[PDB]
Amino acid sequence: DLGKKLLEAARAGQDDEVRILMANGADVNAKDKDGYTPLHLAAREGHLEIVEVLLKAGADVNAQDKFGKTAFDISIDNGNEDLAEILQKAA
């Protein structure tokens, strides 16, 4: 499951591993147990570069976790306006 590895690389903000995983066909819209995505995790951890890479590869900005929340919602709640705008523009 390249999806789970991509969730792991994204959260850690590892640009190299993230891109290798995507090139090997990792599902950019993979979800974990609680409905979290690589976009969601990178976004929450404030890895802006990773977010852009994921966005450019078709990451779904509107994907919700089990609580109905998106990458955009956690950016706002965290007060990370740079990220929130980036997400808004890709939606």
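Residues numbered from 1 in each chain as written, not as in the entry; some residues may be left out. Heavy atoms only, no water.

Draft legend 1. Examining helix α4 (residues 48-56) more closely. Within α4, the full set of buried residues consists of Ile50, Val51, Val53, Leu54 and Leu55. The inward-facing, buried residues of α4 abut α1 (2-11), α2 (15-23), α3 (38-44) and α6 (81-90). (Buried < 20%, exposed > 50% of the residue type's maximum accessible area, 1.4 Å probe, protein only. Helix = DSSP H or I, 4+ residues; strand = E, 2+ residues; numbered from the N terminus. Contact = heavy atoms within 4.5 Å.)

Draft legend 2. Quick peek at the nonpolar core. Counting 22 residues, the largest nonpolar core has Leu6, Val18, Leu39, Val51, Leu54, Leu55 and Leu87 as the members making the most contacts within it. At the level of elements, α1, α2, α3, α4 and α6 are the ones that each hand at least two residues to this core. If you tally residues by element for this core, the top one is α4, at 5 residues. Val51 has contacts with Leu39, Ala42, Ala43, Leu83, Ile86 and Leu87, leaving out every residue within four places of it along the chain. (Core = buried A, V, L, I, M, F, W, Y, C linked by side-chain atoms within 4.5 Å.)

Draft legend 3. Looking closely at the pattern of salt bridges. If you walk through the whole model with that rule in mind, you get 7 salt bridges. In this structure, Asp34 and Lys66 form a salt bridge, with 3.8 Å as the shortest nitrogen-oxygen distance. A residue pair is termed long-range when its members are at least 10 positions apart, and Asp34 in the loop between α2 and α3 and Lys66 in the loop between α4 and α5 (71-78) qualify at 32 residues. (Salt bridge = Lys/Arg side-chain N within 4 Å of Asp/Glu carboxyl O.)

Keep in mind these values describe shape, not function.
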